[PDB]
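Consider the single chain below, provided in structure tokens and representing the form deposited in one PDB entry.
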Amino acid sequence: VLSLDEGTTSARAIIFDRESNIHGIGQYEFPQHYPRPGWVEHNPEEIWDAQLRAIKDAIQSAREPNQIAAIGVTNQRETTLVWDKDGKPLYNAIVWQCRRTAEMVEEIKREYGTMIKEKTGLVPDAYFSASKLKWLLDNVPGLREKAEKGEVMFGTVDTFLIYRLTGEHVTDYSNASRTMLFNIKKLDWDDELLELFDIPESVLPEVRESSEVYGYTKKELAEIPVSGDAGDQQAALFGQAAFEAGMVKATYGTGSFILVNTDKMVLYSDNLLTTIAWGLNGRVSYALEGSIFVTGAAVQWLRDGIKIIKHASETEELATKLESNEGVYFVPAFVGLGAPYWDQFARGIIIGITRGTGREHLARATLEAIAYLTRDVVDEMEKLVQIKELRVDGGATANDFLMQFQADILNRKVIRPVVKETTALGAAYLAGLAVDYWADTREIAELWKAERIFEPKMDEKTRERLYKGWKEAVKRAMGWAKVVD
């Protein structure tokens, strides 16, 4: 099985065996386009070749085409694209990170805020596709005509990847829940959101399950079946065998993303997202999500902005030089705050800077920030549902200290799996099931192995003192971009 892990920064491809060991990798980046302050765009051509060119590294290290059982696909979510019947991108993709629609959304919020959330699960925000589409049909000349004329297909990244792969125009339930046009209850596009955002039905894909045969590849390109699809963060949940209500994973990447499987129960949170975990065997599993836009990206900024480190790994030793953060906090809201704050205007703050503050306090305040952002989500989840422990993946989870401190301020176990590329695993597992490469989810769930379990060993008083300083630091990051210009 071959998994396509088309991320936000870098397109992965990976190949697994029924025991879930990797037999090939292939990763390539591609430019992150910023036409204007706060705007993030991807050229779908740069994305697409980076993807296939990266399949080949995983192929060429795996040692034959039709020896491939199926293809699974997982994508950076909400990122919005458009193309023609010959498969050509009609404009750049507007990444999930892009803020160009912050205020086209804002007006619409008040009259429609609770109706958008009630149908779709989503805090309305320029994060999700619906406003991204309305821009593309309102600003790209000829697109409405061409769509009212019937020549236009929209999709999120999975839907695009599945196209050049297959010829089919599909998406799963999980990626569709992310568009803020899909009614996660009724399980179909929601007509009065198609209205509100003025989006012609002639454009939307076909929502199908997450384990399904959508179609087969072009023989040029074996005839492999494309048989699995979920949103990037959703698959991580699958890859973690989070196949039960109550189970929680937390991906640490550019940003962190924390999901509680809920399968048949749909839960509501004012400050959190209700989306779809996956559709599987005529059953739709649900989830509650907290999406934190900037975590690991702060460690990056220590490397490329002020350049006080050369490698992200330098953080652990820089940070463990101190017994505590000595009152130094780093709220790294480079682009505003994700959940639960939903402050688009908050900007990144460092606070507590005496004459003795050195690189060590920076590095520590960054890793602490990552674990603090996570606990903000989890605390908010406990206002309705019990969170026992964190299965955990992503690049930053290499950091023995981060992982440790995460568990210490959470007073819960933090459990690092033996598998790393969990997001790909899940896209494999999904593609697997539908083409009996695996019998059941219970079989899959038994090859999931716990590589290390971080035990919380921190004082309750100490834990509350540090997180009270976190909250105060956050208060001071709020609303800064409507002050400064």
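Heads up, when I say rigid core I mean the largest set of C-alphas that superpose within 1.5 Å between the two forms. For every residue, the number given is its place in the sequence shown, counted from 1.
Not on display, but discussed next: the form deposited in another entry.
Student: Quick check on the comparison between the shown form and the other one: with the core aligned, only one of 242, 181, 319, 250 should show a Cα shift of at least 2 Å. Which one is it?
Tutor: Residue with a C-alpha shift of 2 Å or more: 319.
Student: C-alpha of residue 279: shift of 2 angstroms or more between the shown form and the other one, rigid core aligned?
Tutor: No: residue 279 shifts by under 2 Å between the shown form and the other one.
Student: Superposing on the rigid core, does the Cα of residue 436 end up 2 Å or more away between the shown form and the other one?
Tutor: No: residue 436 shifts by under 2 Å between the shown form and the other one.
Student: Core aligned, does the CA of residue 473 move at least 2 Å between the shown form and the other one?
Tutor: Residue 473: C-alpha displaced by 2 Å or more between the shown form and the other one.
Student: Since the C-alpha distance between residue 293 and residue 179 changes by 3 Å or more in the other entry, give its direction relative to the shown form: closer or farther.
Tutor: Distance between the C-alphas of residue 293 and residue 179: longer in the other entry, by 3 Å or more.
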